[PDB]
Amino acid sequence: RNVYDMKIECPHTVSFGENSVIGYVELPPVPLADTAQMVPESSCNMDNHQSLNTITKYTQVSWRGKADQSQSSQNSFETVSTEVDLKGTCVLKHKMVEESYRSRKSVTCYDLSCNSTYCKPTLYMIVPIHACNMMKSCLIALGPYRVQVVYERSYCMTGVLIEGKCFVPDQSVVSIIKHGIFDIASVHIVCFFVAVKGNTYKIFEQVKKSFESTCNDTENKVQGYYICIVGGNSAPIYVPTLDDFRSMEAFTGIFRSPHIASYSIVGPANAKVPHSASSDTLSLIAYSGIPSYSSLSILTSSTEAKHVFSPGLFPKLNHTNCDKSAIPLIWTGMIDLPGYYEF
């Protein structure tokens, strides 16, 4: 009946009110044409001011969408770039997550993974921990879908459920213990790029230092930082944060691992981002098959963020060359953390 579930797992105890719980749900594909009207409509806050139903201007990059009979030849494919307004995608404003801890309002938004004709939205809710004591369930409409959100009492008292076990990651590295009593586990993390200019937000200076990649003109590159939640329940992590062990494992994860096969690679493609650029500013790879990985990224070589939506293409997310690259808007992965299992 086009009804899907989203679970908010409220822990029994957390240390700080500045702590977000993450819910998400991957939804079935919709026609690409329908994305232009998609916007989450949530009953989850008492005041129905849904701050992220703001417009972000994207450059939508597309290719023919159909491969010829010459798979072996790797002629590139011409792209079309169009300016489009998308509402409700996970473009977090600077300080929005922090402000939620005081307003107690949750943030609702979606990622898109698309081939040339269909898009799978992944709906996220970022819930400030104090709202677990105010809410039991609510409803989000997105396109044809109705998502019933449920605030559940978690299985774990305080940690992260990892294979039926409750792992509690250490919060800090105040004391280094040479022969410790502890475990290491691989914990899921989600990171969102927050676009904001300033002299501390020159993330590509840190990309240059950490990965000895080839980036001249690091002064012309996108400015901002990633904000991440670990284990679906944590205080936010700001990435990069030098002299912070977990920020730096996520930083490595974002820039080294942004990702029978369900898709097939068709050929290279280059695009103008934004539509009016005098030459191509982004490299991509056209693919065919099931929508695979996020279609949302941010252009590397513009200090003011140029958001890119590239249905049916993989943007170049590899920063060896830096020119004509992009970064992920939403990155998901695993990082290893020390901690211990509850018992």
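Numbers for residues come from their place in the sequence shown, where the first is 1.
- Missing deposited residues between residue 259 and residue 260: 10 or more, all without coordinates in the entry.
- The stretch with the higher mean CA B factor, choosing between 287-295 and 38-46, is 38-46.
- As listed in the deposited structure, the average C-alpha B-factor of 118-126 and of 265-273 is greater for 265-273.
- Highest C-alpha temperature factor among 154, 73, 148, 233 per the entry: 73.
- Sorting 13, 321, 332, 19 by the CA temperature factor given in the entry leaves 321 at the top.
- When the CA B factors of the chain's modelled residues are split into thirds, the value for residue 89 lands in the lowest one.
- Per-chain ranking of the deposited C-alpha B factor places residue 133 in the lowest third.
- Looking at the C-alpha B-factors along this chain, the one for residue 59 belongs to the middle third.
- In this PDB entry, the Cα temperature factor of residue 83 sits in the middle third of its chain's modelled residues.
- Residue 167 sits in the lowest third of its chain by CA B factor, as recorded in the PDB entry.
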